[PDB]
Every structure is written in C-alpha cells, then in structure tokens.
C-alpha cells in the first residue's frame, strides 16, 4: 500500500464509505439485520432532497404530487440510500418549504373553514378551547378544531416518510441531516423488516398543529403527532451512530398559552406548554428486535416510548413484542422516557446519561428508566451524571415504576403469568461517581415489580465495557459525524 507524505494519519473514514454491517443486540438475535447490504448499483442512491429520498424508497415508481404527497410502490429490494447534506422533510412536491400559513392556505383550513392565516386560526383556537371557555369535560370540536385538523392532515402526509423492507439510510460525512419529519417503519397493512439507519442527524419533528386535549391527565395537555422515527410495524432494525434532538426549536420556547387559574390549576404552568414534539424513537405495537447503538440523543422531553398502552392485547400491549437494546448511547438533556418500558424485554447497557434536575434548565430531568406495565428491564454498567440544586442525586431519580395490578390480572388472561410480570434488574450503575442500586429504587416505587426471569445473554452475545472512563469514551465516539470525516 502507499501512505502519502502529506496524508492525515488521524482522518476518519472517507465520506460515503460506511456499510450496513455490524448490528448488535436484539436486532441481531435469531436472524441478522443487514438493511440494504448488497444493493444493486441501480438501488444505490445518493439523495439530497425529499423528492430524491422518496424516489429511492419507492424504486423510482413514485408520483409525488404538488403538495409532496406520495403514490407508488415501495421497493422491497435491498437498497442503500446515502444522505447528502440537509434534507428538509417539510417541503412540497416542488421542494418549496411549507410554513404554517401555507398549510392553512393549501388545505381545507382555508378552502372550507375560511382562515386567512395561521395566526388567525391560532387566536381563534385559543379563544374557543381555553379552560375558562371550554372546560375539561370533553374533547374540542367546532370550526377552529376542524381547521386545525385540515392543516395537520396535510402536514402528516408531507412529513411522514414510509420506509420499506431491506433499506439502509446512511448519512454522508459530518453534515447529513433529516429535518422536520418522521420516518415510519411499517404500517398495519404493510409491516416491514430489516432496516439500518446510520450517521444521520435527525432534528425537530415539529408538529405545526398540535391539538389541545382538555381531558388528558385531568387538567389537559397539548399533544403532537410526529416522532423522528416511529417503529410500530417493523422487525430487525439497527439505529447506529446517529444524532437526534429538537434542533433549533426547544420546548421551553413554546410555553403555555393559557393564563386562567381555575379549579386550583395555574394553567400558565409548564405542564400546559404547547408541546410540538412527540418521541425521538418510539417502539410500539409490533415493533420488535430493535437496537439503538452509539447514538447521541439530546435536548428533548419524552425520548423513548416502548409500548404505548397499559392495556394488554395482541396488537398494542403484547409482551412478545417490543424487544429493544440500547447501548453506547449518550442520553443528554432528556427529561423523561429514557426509556419508558411497557411489555417488552429491554436491555440498556453502557449508556451515559447527562442532565440536571434544575427546574430552570432547558430540559430538566424528570425521570430516567421507567418500569412500566409488564416491562422487563435489564440494565448493566450505565453511568449517570445528574446535576441539580439542594441535594445530591439519588437512585430514585434514575429509575421508577408505573404498574397496575388490575392490568396485570387482565394480562394473565391473554398471556402467561411470566409474560405479564413487570421486572427490573441492574448491575454496575454509577451515579455521580458512586454505585447506585436502581433495583432497590424500583422496588420502593412499586411493590408490584417482580423477580426478573430473563437475561439478554440467553438471546445474544455482547461485551460490557467498564464504567470508569465510559462517559469520556461515549462523548468522543457516539452520534453522527464520527464514523466518517467531512465530504
């Protein structure tokens, strides 16, 4: 070989060079994840905008309408799709970006409901639905809600991108980004399998038309519809060396818009913020065999919903689904659901959590790992740096439980006693430089938590790194822009 005298000895891999091999954890269990490895030349694409991305996913069969909406045949053949630069998913069929005003003008919000701007719609929506005008007994209805729903439906059809079988999305270099939308891994009618996503910065899956639900959590909540990645109908998915965050638009910049105080509730409080985000990566329903490795997740509220309902059932509360492995990740400035686990067997090892509890911070820590209904969590050699005022961090800050005895009983009728157990194990947890017994914290949180009856080593091999210098190692190697150097 030949090393040039002016070559850089410390350069990362060439831009555009990574492949799709290397999956670990549950994604590798039983049958391997390979994504689009081996793709024909004609299914090896470099894409730089939403239209090109869609044509790659659809094998050039897509008709992309003027609104950006898609008709075509998703391509199930192996494909390698390299992401060049920034792809804004919130653009129309001519690549012109949407704005909230455009979603109003281009949808039935204007053509049926008469709105001349998003600012007008928003003002009317707040006047109609604020707690002191609408109350909390029923969901919202009427003209401003119908108009919002028109605009939201158009946005859904634009920012949601369906990913088919045997697909690799591989960012190029240090500046591959996918903004403002939601990769959807499978649908009820068309589940998918075998997907690899690497080296991309995902940012700000912003719902421009969040709905107020007066009945949510008794007092009401704003809810949004878009994750960065939704895994509801996909199996064997490897998400590796990506970065995910709320980007330019952090939640505290969109505070409560209510100012009344009624029934003892100060509606200007932060619980009533206008939440424009949903999950980073949510694994629900028949999502299964997913590994999230070596990612940088930061600056976001509700990070990972694993299982979306306490209600046991074959479709949405199934203890045979939702097998997820998290390792080598940096969980930074996340408030909660890191991860929140119902029904699935979830392994978290060698991750680095970093945040503060301070209430004035950008995304104050609320909860770490949550053992939810019939979740089965196994945690090894995770390190947590959790700052905060008043007192030292404690294990109960980092793990808790949310379990219903009634739902466990319902579960046992549909699935077995072992399948319905809610269990938690940890070893090697470090909190602010000292040992932390997360299992004791979980037991304190709920006496319903039971003895673990699975372990991940029975399902896949792995390596546990020591915790001593793990935070530094993860900070240096995790996320997008590490596997390759700049283009």
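Residue numbers count along the first chain shown, from 1.
Q: Taking the recorded C-alpha temperature factors, which stretch has the higher mean, 353 to 361 or 71 to 79?
A: Looking at the recorded C-alpha B-factors, 71 to 79 comes out higher on average.
Q: Compare the mean C-alpha B-factor of 41 to 49 with that of 443 to 451 as given in the PDB entry, and name the stretch with the higher value.
A: On average, C-alpha B-factors are higher across 443 to 451.
Q: Going by the entry, which of 144, 188, 287, 171 has the most elevated CA B factor?
A: It is 188.
Q: When the CA B-factors of 31, 34, 55, 432 are compared as recorded in the entry, which is the largest?
A: Out of 31, 34, 55, 432, the record gives the largest C-alpha B-factor to 432.
Q: Using the B-factors in the PDB entry, rank residue 205's C-alpha atom against the chain and give the third, lowest, middle or highest.
A: As the PDB entry reports it, the C-alpha B-factor of residue 205 lands in the lowest third of its chain.
Q: Could you tell me which third, lowest, middle or highest, the C-alpha B-factor of residue 375 occupies within its chain?
A: Middle third of the chain for residue 375's C-alpha B-factor.
Q: By the recorded C-alpha temperature factor, relative to the other modelled residues in its chain, which third is residue 273 in?
A: For residue 273, the deposited C-alpha B-factor lands in the lowest third.
Q: In terms of the CA temperature factor given in the entry, to which third of its chain does residue 416 belong: lowest, middle or highest?
A: Highest third - that is where residue 416 ends up once the chain's C-alpha B-factors are sorted.
Q: Should residue 368 be placed in the lowest, middle or highest third of its chain by the C-alpha B factor in the entry?
A: Tercile = middle for this residue's CA B-factor.
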